[PDB]
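Just the one chain here, laid out as structure tokens, in the form deposited in one PDB entry.
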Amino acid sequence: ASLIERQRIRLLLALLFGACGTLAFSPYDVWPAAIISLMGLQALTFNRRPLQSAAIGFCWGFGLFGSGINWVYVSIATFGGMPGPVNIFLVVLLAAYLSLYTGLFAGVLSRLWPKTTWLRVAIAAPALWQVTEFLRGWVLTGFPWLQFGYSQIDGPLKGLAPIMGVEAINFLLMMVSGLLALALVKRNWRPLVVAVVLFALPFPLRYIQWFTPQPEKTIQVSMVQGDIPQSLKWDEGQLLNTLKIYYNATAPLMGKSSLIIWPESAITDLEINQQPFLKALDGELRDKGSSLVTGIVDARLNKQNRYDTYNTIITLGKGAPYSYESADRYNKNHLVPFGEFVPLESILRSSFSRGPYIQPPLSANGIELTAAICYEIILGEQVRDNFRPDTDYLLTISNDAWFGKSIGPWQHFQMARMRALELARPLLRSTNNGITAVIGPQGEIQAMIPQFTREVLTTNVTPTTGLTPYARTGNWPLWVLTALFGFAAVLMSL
């Protein structure tokens, strides 16, 4: 009845529609839940004072992030060793912090566009959503987790991503959901019909093959899922076991896999301390026709006699002869706040160093791979900026053990697939215990191995070539459209 007119009621409803969005993502993968959840955000903010709407937008995001990233509890409650009730409160406060952007969005849109209009709902709303999600992903090194475009990796809007990137899918979903909500509140069919047409219009885009496979460059790839337990992962007494596990999994594959991939910091020891093992492995790999790509930590003495410690990938074997001075390596550029550095260096009473934002592809046995470590693979623009036309495969390596048996590693994995569709290359993804797989150049799963197991994924994979429209332009076409919408929307209501 008029129960829905009560602000506190709209806030409770905001939690449910918000938390409903978590179902859009992996493993749930009910992509219609994203439109449900966005319709709630669009409708529940109608006809509210701007500060009430900002609260509703806040409470909507608290349902999303509260239900969707509460897996960070495992990382927190294990990495930083605090009481438990306290690690719960940290997860709340992170879910609260992210919900500020979703409260910012609702407040500004209520303030600038108070009327229940298609202008507010289809023009202002997605342009403002483009900006607020941008800030959520940039401020304090950002956290653009749970963006609804990723739930379309297997959906009808798929074919938009090679054109304009996953954020164009975000933009269209907010638009389509706004007119659906507008139609229901104002019981009018015109925004319903528009919402359908716009939702259907990208459907033929998934028929466009932007890439050309290179069957002559097809190689066999192995990725060793070592399954080194996080409680023992960096124990300074079982490096030998880790070294024996990965080596013994790799030796029988030499001469048969052109490319072998060990996950993030597989070698759990400084690169400078492992020269005899690395020099020895390199010659063996080269003696066979094989090449190895592995993560490792490099504490590198700088010019100033201090140490820069990097999260790195190194290359050995055929076509990439190992050398501590080699240029065939990649240093992680985007570091995990708290996990890899203390955010805000203004304090005083350690922290990884960063590699450059743009780095050349690694080269192993004649194959060029564009690398990302851990959740770097979710930074669509950073990946596209490192991508080169001569790239053969996308490569990401990750240790998802920090998130345990939750929906975390599935969300991470879904986002990495979006990169394969966007730049239309295969994605090689290599992890410690979770979600090691090969993604085809259209985001399909070509191969995966089960989580929490010690084994190697071995399969043939064909490099592709050609440039998608998004690989040629990055994010700037969508920004121009959001500036046009923003300029246009603001011009009327101002």
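Heads up: residue numbers just count along the shown sequence, starting at 1. In this text, the rigid core denotes the largest set of C-alpha atoms whose superposition between the two forms falls within 1.5 Å.
Just so it is clear, the following notes concern the form deposited in another entry, a form of the same protein that is not shown.
- Candidate set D287, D154, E381, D235; criterion, C-alpha shift of 2 Å or more between this form and the one not shown after rigid-core fit; matching residue, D235.
- Annotation: Cα of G80 displaced by at least 2 Å between this form and the one not shown, core superposition.
- Between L232 and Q451, the Cα distance is greater in the other form than in this structure, by no less than 3 angstroms.
- In the other form, the Cα-Cα separation between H412 and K233 grows by 3 Å or more relative to the displayed conformation.
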